[PDB]
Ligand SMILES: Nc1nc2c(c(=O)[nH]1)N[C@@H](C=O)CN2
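One chain is shown next in structure tokens, namely the form solved without the ligand.
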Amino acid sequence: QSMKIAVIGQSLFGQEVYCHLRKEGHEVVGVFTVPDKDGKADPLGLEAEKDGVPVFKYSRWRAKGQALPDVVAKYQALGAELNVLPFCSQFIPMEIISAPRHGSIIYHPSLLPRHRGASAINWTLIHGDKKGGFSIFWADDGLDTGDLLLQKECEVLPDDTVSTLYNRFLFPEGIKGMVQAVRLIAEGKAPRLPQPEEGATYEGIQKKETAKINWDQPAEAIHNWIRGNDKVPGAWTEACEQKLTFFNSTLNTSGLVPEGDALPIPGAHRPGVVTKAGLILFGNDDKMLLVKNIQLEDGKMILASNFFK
């Protein structure tokens, strides 16, 4: 009923799940989160520090092919009965996952078995999926193969980005879903729903490097690529001697015409055009998409229409 929980996670999502668990009467025995980065502490770590809950910060969890003995010891002192992984950027070693009585439950922002692995919201959108959602699932010895506890779906809209889909649904409903899952576990009523084999896909973490734009694709695929990396890590290309990151794409180009200032883009099927509406780009089908914002290599964010000032 009133459980000793280890929270392994990060970000405001992790903070909120932490706060709710405390409000429901559970004891958070410890929090494992990410290091400060940079000069900025993780908000879940800061909140737990306010409360005097143990807080441990790690980027890597392993050495010599095993869980870090340091982390195992710190973890074993806590006596956790359940692990909750609200927003966890990596896979946690099996030695920690399998330790508690009640097991480990994990939030994953896609409709498992679709998009197993990291960056699942990015891959949802990169593939132009028409539905998306999140799962809370029981960790097993596999990679995001564990039985579901609950799953909630939402419609994906044609210009949705990682940030808009997260803020509209996966964040607010996902927090609610994790909290509901813990309540069911506390009550001894949590479902176990084995994942079907049909439709399983896997992708790994999407770092800035692999967000580089492939121009040899139809406009619709390039639009899905840009929005599926917006805002993090940010789809990019090299143009005008710098690395430019593109945000806020749309395929609504009704009434637009390709007149303005050329933006030559090595490797693209046609040059981009800077217009009053934004940056017009062409896919390899000579169809257009429109990018409204550009982030310069130095980090400055601009309206694409203002690129040449």
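Start at 1 with the first residue shown and count on from there.
The same protein has a further form, the form solved in complex with the ligand, not shown here; the description that follows concerns it.
Contact check for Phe91: a non-hydrogen atom falls within 4.5 Å of the ligand in the deposited bound form. Within this chain, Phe137 lines the site of the ligand in the deposited bound form, having a heavy atom no more than 4.5 Å away. For the chain shown alone, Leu85 is a contact residue for the ligand in the deposited bound form, at least one non-hydrogen atom being within 4.5 angstroms. Contact between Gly188 and the ligand in the deposited bound form is not found at the 4.5 Å heavy atom cutoff. Here is the short version: of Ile106, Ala235, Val162, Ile222, the single residue with a heavy atom within 4.5 Å of the ligand in the deposited bound form is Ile106.
Note on contacts: among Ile205, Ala77, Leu143, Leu157, the single residue with a heavy atom within 4.5 Å of the ligand in the deposited bound form is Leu143.
Heavy atoms within 4.5 Å of the ligand in the deposited bound form are found in exactly one of 93-101, 208-216, 235-243, 165-173, that being 93-101.
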